[PDB]
């Protein structure tokens with residue numbers, strides 16, 4: 001399950017159902033379903049490096065999700081441990097964070113991704 005939230009600085013944030021050890025390790029599974037392929041990761045930092053490419057309308061139909069509002073490019077993912085949950089934030093290719101509206105879209109997209117058999 002994915003919910004929308006904001007972090008300590010008031011920046012766009014997503015909260016994913018499950019502690020760091022649960023989500024971060026199984027995040028790649030959901031990532032592959034949303035057209036975002038994991039290229040590297042560091043467990044000692046809670047950081048992940050990914051490459052994203054927009055999928056087709058029929059691709060999103062198979063996933064059961066809408067347009068995430070993300071454009072093609074390399075993304076940097078940051079995952080923190082909330083104890084019972086995971087704090088997931090998205091950094092765009094430009095070195096900036098994604099908007100609340102983009103993350104709100106990602107809610108449903110990853111909601112389907114985690115439910116999607118894989």
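A few notes on this one:
- Filter result (closer than 14 Å to residue 68 by Cβ and in contact with a strand residue (DSSP E or B) (Cβ under 9 Å, 6 or more places away or on another chain)) within the stretch 33-42: 34, 35, 36
Residue-wise test of (1) touching a strand residue (DSSP E or B) at 6+ places or on another chain (Cβ under 7 Å); (2) part of a loop (DSSP other than H, G, I, E, B).
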residue	(1), (2)
44	no, yes
48	yes, no
58	no, no
67	no, yes
75	yes, no
80	yes, no
83	no, yes
87	yes, no
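- Of the residues making up the stretch 1-26, those that are over 16 Å from residue 106 (Cβ atoms) and part of a loop (DSSP other than H, G, I, E, B) number 5.
- The number of residues in the stretch 90-99 being more than 22 Å from residue 116 (Cβ to Cβ) and in contact with a strand residue (DSSP E or B) (Cβ under 7 Å, 6 or more places away or on another chain) comes to 5.
- Here 77, 55, 70 are screened, and the one residue that is more than 21 Å from residue 117 (Cα to Cα), free of Cβ contacts under 8 Å to residues at least 40 places away in the same chain and buried (at least 17 other Cβ atoms within 10 Å of the Cβ) is 70.
- Matching residues, the stretch 27-42, being touching a residue at least 60 places away in the same chain (Cβ under 8 Å) and either part of a helix (DSSP H, G or I) or surrounded by fewer than 17 Cβ atoms within 10 Å (Cβ to Cβ) (or both): 27, 29, 30, 31, 32, 33
- Residue 84 meets all of the listed conditions (1) free of Cβ contacts under 8 Å to residues at least 40 places away in the same chain; (2) more than 13 Å from the chain's Cα centre (by Cα) but one, namely (1).
- Filtered residue count, the stretch 1-19, keeping only those that are touching a strand residue (DSSP E or B) at 6+ places or on another chain (Cβ under 9 Å) and over 16 Å from residue 65 (Cβ atoms): 10
Since every read-out is calculated from the coordinates, none of them should be taken as a lab result. Virtual Cβ from ideal backbone geometry, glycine too; neighbours counted across all protein chains shown.
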